[PDB]
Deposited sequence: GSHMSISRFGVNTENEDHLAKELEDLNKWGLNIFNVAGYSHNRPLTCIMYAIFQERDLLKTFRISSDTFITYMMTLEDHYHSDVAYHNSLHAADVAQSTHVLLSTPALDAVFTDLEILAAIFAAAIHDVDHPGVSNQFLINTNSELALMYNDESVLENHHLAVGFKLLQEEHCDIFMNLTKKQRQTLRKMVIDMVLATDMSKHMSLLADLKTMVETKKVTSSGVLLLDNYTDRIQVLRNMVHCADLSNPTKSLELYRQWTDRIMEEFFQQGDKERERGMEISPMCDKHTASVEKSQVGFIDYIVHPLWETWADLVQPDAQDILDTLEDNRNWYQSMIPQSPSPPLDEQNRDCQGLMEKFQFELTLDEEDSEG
């Protein structure tokens, strides 16, 4: 029971886990190892480590036992057999969001409640993901698309599941928040998860560009944000950036993530084919070109996003940008010798 107290998870390798978690505050954390040494409970482990590191459990009076119970059922509601959108991906976005919240240009800009909302949003943002895209769910007239009227169908679902889990007995981690804190937290979390809908990517990016065009900083380089509206706009872009962070990690990590997203796409493609539908872009293992698509993904989606975020917080994200360019160069080099999914 002491290593649960220390880690929030059972582990046969306490020492290895602890050494991996020394990188908790770094972009170079290896979440695959964390999964390895945590009996495959990366989200519970990384969330417990994050909440301990930021004193969130103290500040908001969240019982660590109730937290672990909530995080274990949340993590169970991610599907192990979905190749990318499983609890490892959620863990990674939560850890990446945790690192982005400490970027020096944002120092002291956000409230504690904002910090809590963003990390919690990251943790729940893909829960109960079925391994197929919104468009597939819309095209197959699925119950989820009927329920949510084709609008941010999975994202609404992730939120509903995340919040419904809080009403299970013994799982309400926010019980000691005041009513006003619970209301505010709820609104911010909804906002941020809905912002992870890829079809909002271009509108988010445009808004973010306006914020770069108008940015002002103190003479120490800290961003000056005027009101709630400015801050939530940065936080929704932050979570969106963390969700699209895989190509800004070390190549060894990025390649693992790409193998996973492609397996997931190919599995959807097989579903589409089994039922005689036209196979979606990227989902046909026969015609796919993994390297070229990554290069396209970076050039048209990931790079423009991160170049703008980098402009907003400069110079704090320059290295993340350098890695993203370097990785683009690697994928480009391995080519043998999209856009509608991110718009409307």
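Engineer: So which bits of the deposited sequence did not make it into the model?
Structural biologist: Several stretches lack coordinates - namely 1-2, 340-354, 362-372, in sequence order.
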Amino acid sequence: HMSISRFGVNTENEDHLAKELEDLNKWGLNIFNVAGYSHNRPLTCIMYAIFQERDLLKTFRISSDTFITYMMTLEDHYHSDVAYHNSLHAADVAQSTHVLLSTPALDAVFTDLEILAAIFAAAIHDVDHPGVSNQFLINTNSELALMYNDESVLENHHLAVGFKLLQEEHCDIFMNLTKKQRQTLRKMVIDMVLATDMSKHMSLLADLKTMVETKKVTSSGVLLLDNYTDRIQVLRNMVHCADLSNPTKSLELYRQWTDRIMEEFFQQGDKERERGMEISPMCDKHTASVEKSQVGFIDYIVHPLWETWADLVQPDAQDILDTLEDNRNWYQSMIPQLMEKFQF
From here on, numbers count along this sequence of modelled residues.
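What we label the rigid core is the largest C-alpha set whose atoms superpose within 1.5 Å from one form to the other.
Engineer: With the rigid core as the fit anchor, does 146-154 or 167-175 show bigger C-alpha shifts in 8 other deposited structures of this protein?
Structural biologist: When 146-154 and 167-175 are compared in 8 other deposited structures of this protein, 167-175 lies farther out.
Engineer: Once the rigid core is matched, which of the two stretches, 282-290 or 315-323, lies farther off on average in 8 other deposited structures of this protein by C-alpha?
Structural biologist: Per-stretch check in 8 other deposited structures of this protein: the more divergent one is 282-290.
Engineer: Among the other entries of this protein that model both neighbours of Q343, is it absent from at least a third?
Structural biologist: No, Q343 has coordinates in all the other entries compared.
Engineer: Return whichever of 209-217 and 125-133 has the greater mean Cα B factor according to the PDB record.
Structural biologist: Stretch with the higher mean C-alpha B-factor: 209-217.
Engineer: Between 284-292 and 58-66, name whichever shows the higher mean Cα B factor according to the PDB entry.
Structural biologist: Averaged over C-alpha atoms, the B-factors run higher in 284-292.
Engineer: Which of these has the highest Cα B-factor in the record: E155, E143, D76, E274?
Structural biologist: Among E155, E143, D76, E274, the PDB entry lists the largest C-alpha B-factor for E274.
Engineer: Which third, lowest, middle or highest, does the CA B-factor of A49 fall in along this chain?
Structural biologist: For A49, whose C-alpha B-factor we compare with every modelled residue in the chain, the answer is the lowest third.
Engineer: Which third, lowest, middle or highest, does the C-alpha temperature factor of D197 belong to within its own chain?
Structural biologist: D197: CA B-factor falls in the middle third of its chain.
Engineer: Among the modelled residues of this chain, does the Cα B factor of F110 put it in the lowest, middle or highest third?
Structural biologist: According to the entry, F110 has a C-alpha B-factor in the chain's middle third.
Engineer: Can you work out whether the C-alpha temperature factor of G162 puts it in the lowest, middle or highest third of the chain?
Structural biologist: Within its chain, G162 is a lowest-third residue by C-alpha B-factor, going by the deposited values.
Engineer: Going by what the PDB entry lists, where does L204 fall on CA B-factor within its chain: lowest, middle or highest third?
Structural biologist: Ranked within chain, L204 CA B lands in the highest tercile.
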